[PDB]
């Protein structure tokens, strides 16, 4: 046996030049794709913004064209999904996770257009979903598209070009190269056996796409939270506690995301019409909320900075938390195209802040700043619901640049994952592949 190792060891880190070059193209495409998608959502959120101007006097009439603008845009997207690409509804990440096990198809000729224009409308109407959904799936697809179109062959190149698309796709959505890389190797990568996913390949794609995102979205953070205070050792136990809280709520939130998913299915029955109408309903409800209480609706990024600066009351926080648990589920469990990742960043931020707010009053002797707990909590729901702690932590790091909070973050996030396990819940992106797969089976 030993003699094969010595032949393997000496062959370690070799990635066929063909593959590498292709990842580069994959990356560049996904980047541009992602940037295009980003401009899209803006433009629409804008038209919407300036349509409430045309009707700025009649309060009842404006509440209307807010609802109908979101409703119409939402429907356009739910439809686009049910008609031409069922698999492109919801997140799409579990779908890409499947493709790595070779257990789901990558219908790129279908999904690319469907997901792109599909989300372009659910996000545009101001529903509570993130870009990661669309970009990661669009990412992998863009991945396979160039696999096919260059008739590249192999087990390596199929899983490797697919992964790097997914990474460059997450990278491009958060301006987070490392988060994109760690994402593959912690949530994606067929987690029960080793695969031929070349890390170096992924890297390249993530780079190329990050550079694309930068050619266009330079000079302004998604989240600018400033540089917060440090965290003294005698303060650490507090983050463990916060974690334990995220770790029990983690599962319960997964329960709901799935439950609510079921309970929503009945509404339409499966019927493309009752669906597209129920979509346009939630859709519209969002555009209504995005006007008369923006913190309850929308991606959630806007309220992150505000909440980390302790600029919300404890009331406004508990409100925003509930309103958002509600609009998040409604928007995602319902099957609209778009991620649940970002709205989870917002959820955890808000929760964490409230924790800090209390921590601050119970311990003046710790000289706390609630903001540090908001930052500890930002990737914490992601920790307990997705079981991607390493990924969340580095995502938040890349996005908020408060490295001093690394211990507090790791502790909240780990402590989150620990309790998500011992209270018995599952990787939400994985329990969703498992539903999907049990249904594709228990109908044959």
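Residue numbers count along the first chain shown, from 1.
- Taking only CA atoms, the mean B-factor in the PDB entry is higher for 75 to 83 than for the other of 221 to 229 and 75 to 83.
- Taking the mean C-alpha B-factor of each stretch as recorded, 194 to 202 and 291 to 299 are not equal, and the higher mean is that of 194 to 202.
- When the C-alpha B-factors of 29, 65, 380, 386 are ranked from the entry, the top spot goes to 65.
- Set against one another, the Cα B-factors of 391, 412, 46, 402 in the record reach their highest point at 46.
- Annotation for residue 311: CA B-factor lies in the middle third of the chain's modelled residues.
- Looking at the C-alpha B-factors along this chain, the one for residue 396 belongs to the lowest third.
- In the PDB entry, residue 269 places in the highest third of its chain by CA B-factor.
- Per-chain ranking of the deposited C-alpha B factor places residue 40 in the middle third.
- Annotation for residue 257: CA B-factor lies in the middle third of the chain's modelled residues.
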